[PDB]
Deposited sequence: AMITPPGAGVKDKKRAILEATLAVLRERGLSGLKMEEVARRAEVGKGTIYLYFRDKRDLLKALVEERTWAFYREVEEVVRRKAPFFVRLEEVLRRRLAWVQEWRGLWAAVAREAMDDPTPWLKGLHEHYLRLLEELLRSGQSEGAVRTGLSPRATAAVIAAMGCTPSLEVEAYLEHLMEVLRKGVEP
C-alpha cells in the first residue's frame, strides 16, 4: 500500500527516460517499465502524461530552489555563497535550456505566470543573500537589495566556466573602474 514510493519511482523513471530519449522519445511504456508499474497504474497517480511531466518539472524546480536557499542561508562568507549560487544557477540554466523549457511548455498550457513567479522567487533569494552581505560588511549598505538582485539575476543568456566565473566575481565585487 505504498504510494509515496510508487509516485517517486514513476517520477525518477520519467526523468531517466527524458535524459535518455529527450522529451520527443518519451514513451509511458518505458516509464512504466522502468518504474515497475503497469501503464494504467501511472494514470492513478497522474491525470495524464502532461500532468506527470508537470509534476516532474515542478519537483526539479522546487529542488533547485531548495538548494539555492540552503546556500544562501549557510554560515559562509557572502562572496563564497554568491559564487556558489552563480555556479549552480549557470548549471541550472543549461539544464533548463536543454530540457525543462520544452517540458514546461508541453506540461503547462499557461506556464508564463509560473515562470514569472520562479523569477520573483530567485530575486528574493538574491536579495536575502545581499542583505546578509550588507550585515557582514561585504556589500555596501547604500545598495538597494532589490535593484542589485535584478542585476545579478541577469546571467543566463550568453554561452560566454571556472575562468569565466572568476572574472564575473571580480566585476561583481569591484566593478571595472579603477
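Trainee: No C-alpha coordinates means not modelled. Give me those stretches of the deposited sequence in order.
Mentor: Gaps vs deposited seq, in order: 1 to 7, 168 to 169.
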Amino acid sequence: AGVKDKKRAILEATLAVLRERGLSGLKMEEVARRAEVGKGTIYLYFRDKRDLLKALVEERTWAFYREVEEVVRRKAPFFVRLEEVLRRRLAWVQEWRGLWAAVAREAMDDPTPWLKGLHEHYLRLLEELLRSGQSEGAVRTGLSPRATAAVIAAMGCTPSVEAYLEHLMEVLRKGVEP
From here on, numbers count along this sequence of modelled residues.
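Trainee: Looking at the deposited entry, does 151 to 159 or 9 to 17 carry the larger mean Cα B-factor?
Mentor: Result: 151 to 159.
Trainee: Comparing 62 to 70 with 23 to 31, where is the mean C-alpha B-factor higher?
Mentor: Averaged over C-alpha atoms, the B-factors run higher in 23 to 31.
Trainee: In terms of recorded Cα temperature factor, pick the maximum from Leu125, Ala138, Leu143, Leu44.
Mentor: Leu44 has the highest C-alpha B-factor of those listed.
Trainee: Quick check on the deposited entry: does the C-alpha B-factor of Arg87 sit in the lowest, middle or highest third of its chain?
Mentor: Within its chain, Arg87 is a middle-third residue by C-alpha B-factor, going by the deposited values.
Trainee: Among the chain's modelled residues, which third holds the C-alpha B-factor of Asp110?
Mentor: For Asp110, whose C-alpha B-factor we compare with every modelled residue in the chain, the answer is the highest third.
Trainee: Lowest, middle or highest third: which one holds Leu129 when the chain's residues are ordered by CA B-factor from the entry?
Mentor: It belongs to the lowest third of the chain when residues are ordered by C-alpha B-factor.
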